[PDB]
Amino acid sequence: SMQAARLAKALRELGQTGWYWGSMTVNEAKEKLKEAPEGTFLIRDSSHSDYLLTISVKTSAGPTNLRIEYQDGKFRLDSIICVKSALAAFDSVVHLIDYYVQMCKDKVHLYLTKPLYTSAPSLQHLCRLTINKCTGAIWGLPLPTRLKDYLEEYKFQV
């Protein structure tokens, strides 16, 4: 699989999340997260030419933004020039977000909790999220293979 195909699969899952806000601006994200609980996040298109996506997250000090870099077919958080550039990188940007959400499941360092949905997602996708939080073994589930195929297209917990 060449990089272009890998990036396309990563972008298709982004549209299946329900917290991808497209061409949202920096101030538009400030208002949707101004009163949200700490850790509430969303992902949107970066208005910068050197970046594809940007994480807008509500912190205790207020809403902020952190861009996502795409280099050598891997997504990673924006950090210093090579001082801390060997860090967590994944082929899927949803994987990158799910990785950091589960990391802060315990209780600067990024703190993500619950995403800010654009609209109410489908009941099918809501069940998939609840199932993904319980087990990762789709074969051991009493479901028709049509639904097992559905569970594989989105294996994340966020």
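Start at 1 with the first residue shown and count on from there.
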**Interval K107-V108, deposited residues with no coordinates in the entry (none, 1 to 3, 4 to 9, 10 or more)** = 10 or more
**Item:** Greater mean Cα temperature factor according to the PDB record, 83-91 or 69-77
**Value:** 83-91
**Asked** Hey, which bit's got the bigger mean C-alpha B factor in the entry, 124-132 or 55-63?
**Response** 55-63
**Prompt:** Going by the deposited entry, which of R44, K114, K34, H48 has the highest CA temperature factor?
**Reply:** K34
**Prompt:** Lowest, middle or highest third of the chain for the C-alpha temperature factor of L147?
**Reply:** highest
**Prompt:** Is the Cα B-factor recorded for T118 in the lowest, middle or highest third of its chain?
**Reply:** lowest
**Fill in**
Of the three thirds of the chain ranked by Cα temperature factor, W139 occupies the highest
